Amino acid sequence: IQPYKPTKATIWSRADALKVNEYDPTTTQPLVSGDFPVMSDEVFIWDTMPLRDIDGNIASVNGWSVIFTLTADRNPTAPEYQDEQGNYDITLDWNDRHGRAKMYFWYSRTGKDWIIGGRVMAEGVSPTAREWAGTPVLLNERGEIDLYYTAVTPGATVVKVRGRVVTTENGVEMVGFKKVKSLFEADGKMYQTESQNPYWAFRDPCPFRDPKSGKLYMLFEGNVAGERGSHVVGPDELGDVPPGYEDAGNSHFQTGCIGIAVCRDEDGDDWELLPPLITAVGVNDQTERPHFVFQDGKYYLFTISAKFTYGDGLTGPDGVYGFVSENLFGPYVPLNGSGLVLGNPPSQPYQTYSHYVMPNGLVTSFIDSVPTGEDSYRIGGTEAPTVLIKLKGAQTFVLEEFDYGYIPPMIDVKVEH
């Protein structure tokens, strides 16, 4: 017997979070310009999911780059959105996007200047009217895709739907996305359920093939199981806080975690829930859109979090947080000491969200709210400038800003059927 250290959740502690520096130029997103272009006058987009293979390679098909987006109609003539003076209030329309979210696709031979493709699934295919985020996985040279996504209301279920991409020299179509399959939902012993917490998270599936074992796993956002308000911020959740920083307040209401599941097969059909990789009890309620970069034989685990969902007595920016391990199952340590990788600038704290770090170091995000004066601001619902980061040991560094929605491919796949 070679005894191995047992698998245990890595704790993101309050002491770790106290290191978060909102004013670090190496971990701040470049300022978004108030004059940003808008992709569509018909729909809002936000969460953006590039087509990729199971190993994480961003993929074009016959030279066409493809992205999937969470999408919502713009409703400029809706009476509900007319203000006191009978003028359209975009903020109300934008805030209602989540309740009417649908999966669209877009394509481009340049990895930018996206051409809208429309709905992935015909209306009525999804068992829930709300389609929330996940991952489009290109399977083979027949152009078959497994779209892993979150079916929301009733409940929140990780699901997948098989279809295929068809290309011509004029553009791209998504066909045959007809049969949504239930994979798993929160169990209540490892991941918190709606019964335990009306505000529970269970979403953002990120399937991947482990580069070391070759087994299929899948990350998702969850909360630590237990009735809302029952969790305890104990010595491990507090961590090594300095004198005067012992008070956890009511931070036991913040219970975010990064979950992982394992597949019994190579087709991603039958999944088993595992205990979480990372827990943030007392630190942050929302460890969103968990995803990996594999580099230098290490596991870089990224998650998107918000200022608003920090534990009592803690703060930090909206943006990218992350951890690094030698091993898939840890132990993980916080990148840059605190976990902060790419924070919004405090002068434009809501400029972007739902970032995605790709294996080439390029980080895509969508524009939310950009200030244009003392009280005035613009709504995006469009792609932000891509920004290159470098991963180096347990450090990250912002390097270079690229064009709006620049998502170049890492591989091209030759498709016919």
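A residue's number is simply how far along the shown sequence it sits, counting from 1.
**Report entry** Residue stretch of maximal mean CA temperature factor, 163 to 171 vs 252 to 260
**Finding:** Per the PDB entry, the higher value belongs to 163 to 171.
Query - Mean Cα B-factor comparison, 371 to 379 or 30 to 38, giving the higher one as deposited - result: On average, C-alpha B-factors are higher across 371 to 379.
Report task. Have a look at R203, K307, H291, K212 and flag the one whose Cα has the highest B-factor in the entry. Result -> Among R203, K307, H291, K212, the highest C-alpha B-factor in the entry belongs to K212.
**Report entry** Per the PDB entry, maximal CA B factor within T91, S325, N223, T150
**Finding:** In the PDB entry, the greatest C-alpha B-factor among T91, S325, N223, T150 is found at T91.
Query raised in the report: Which third of the chain holds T352 when residues are ordered by C-alpha B factor: lowest, middle or highest?
Result: According to the entry, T352 has a C-alpha B-factor in the chain's middle third.
Requested in this report: Could you look up the Cα B-factor of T77 in the entry and say which third of the chain it sits in: lowest, middle or highest?
Outcome: For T77, whose C-alpha B-factor we compare with every modelled residue in the chain, the answer is the highest third.
Query raised in the report: By its CA B factor, does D146 count among the lowest, middle or highest third of the modelled residues in the chain?
Result: Middle third of the chain for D146's C-alpha B-factor.
**Report entry** Position of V43 among the chain's modelled residues by C-alpha B-factor, lowest, middle or highest third
**Finding:** Highest third.
Requested in this report: Pull the Cα B-factor of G337 out of the PDB entry and bin it into the chain's lowest, middle or highest third.
Outcome: It falls in the bottom third of the chain.
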